[PDB]
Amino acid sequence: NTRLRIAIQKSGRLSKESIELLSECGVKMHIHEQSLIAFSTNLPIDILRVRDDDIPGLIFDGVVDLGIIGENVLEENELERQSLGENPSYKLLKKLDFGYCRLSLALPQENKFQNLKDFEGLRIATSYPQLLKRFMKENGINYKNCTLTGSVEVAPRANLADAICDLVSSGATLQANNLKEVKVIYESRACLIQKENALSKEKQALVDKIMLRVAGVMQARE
């Protein structure tokens, strides 16, 4: 394949802004809402619409050339792959101006929080077990893991966990579930990444051209 492959989230919080960024950089495209493959109508570019969780691996494995992903999901999967004894690698091209959030430890509102030591021995529900594990190890706090892919915020009220480690932007979900944010462990935004192995001279020149436009678009949006 001589067409550049770019992976983006098929459906979720990054989808609309990923597509808009590309169009604003002059990548015109044809999208069918329920389909894996979309393509560019004016440039030699294929757009792969996938579950966001898959994007880091597709870049690490060299299946696609570029990807737009939240830093949180990138780092979680990098840590996973390293812990499996692999050597995931990627180039960070740009931190983007959307997808802001923070991965934070949160406790029930009525809870005594003085200190990080207050998490000692607690069951902590999260979709980010590697990120959580690393933070807690680095701070010398022992805990019990509960991995849930969704509905993390309901785990305490369901008595499955004492606390959560979950993504927060506005804080409305925490408040709706009578939880309070006590400690940020990771700050995230969407980023543009590239696979490790060198592209052809033609594909790299196309990436270079796109990157100049990304920069110009972000400057014009301030």
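For every residue, the number given is its place in the sequence shown, counted from 1.
In this crystal structure, the stretch out of 139-147 and 126-134 whose C-alpha atoms carry the higher mean B factor is 139-147.
When the two stretches 196-204 and 20-28 are set side by side, the higher mean Cα temperature factor goes to 20-28. Of all the options 62, 70, 171, 67, the entry's greatest CA B-factor is assigned to 171.
When the C-alpha B-factors of 52, 187, 181, 153 are ranked from the entry, the top spot goes to 181. The PDB entry assigns residue 101 a C-alpha temperature factor belonging to the middle third of its chain's modelled residues. Ranked against the other modelled residues of its chain, the C-alpha B-factor of residue 191 as given in the entry falls in the lowest third. Split the chain's modelled residues into thirds by C-alpha temperature factor. Residue 37 is in the highest one. When the CA B factors of the chain's modelled residues are split into thirds, the value for residue 58 lands in the lowest one. Sorting the modelled residues of the chain by their CA temperature factor places residue 217 in the middle third.
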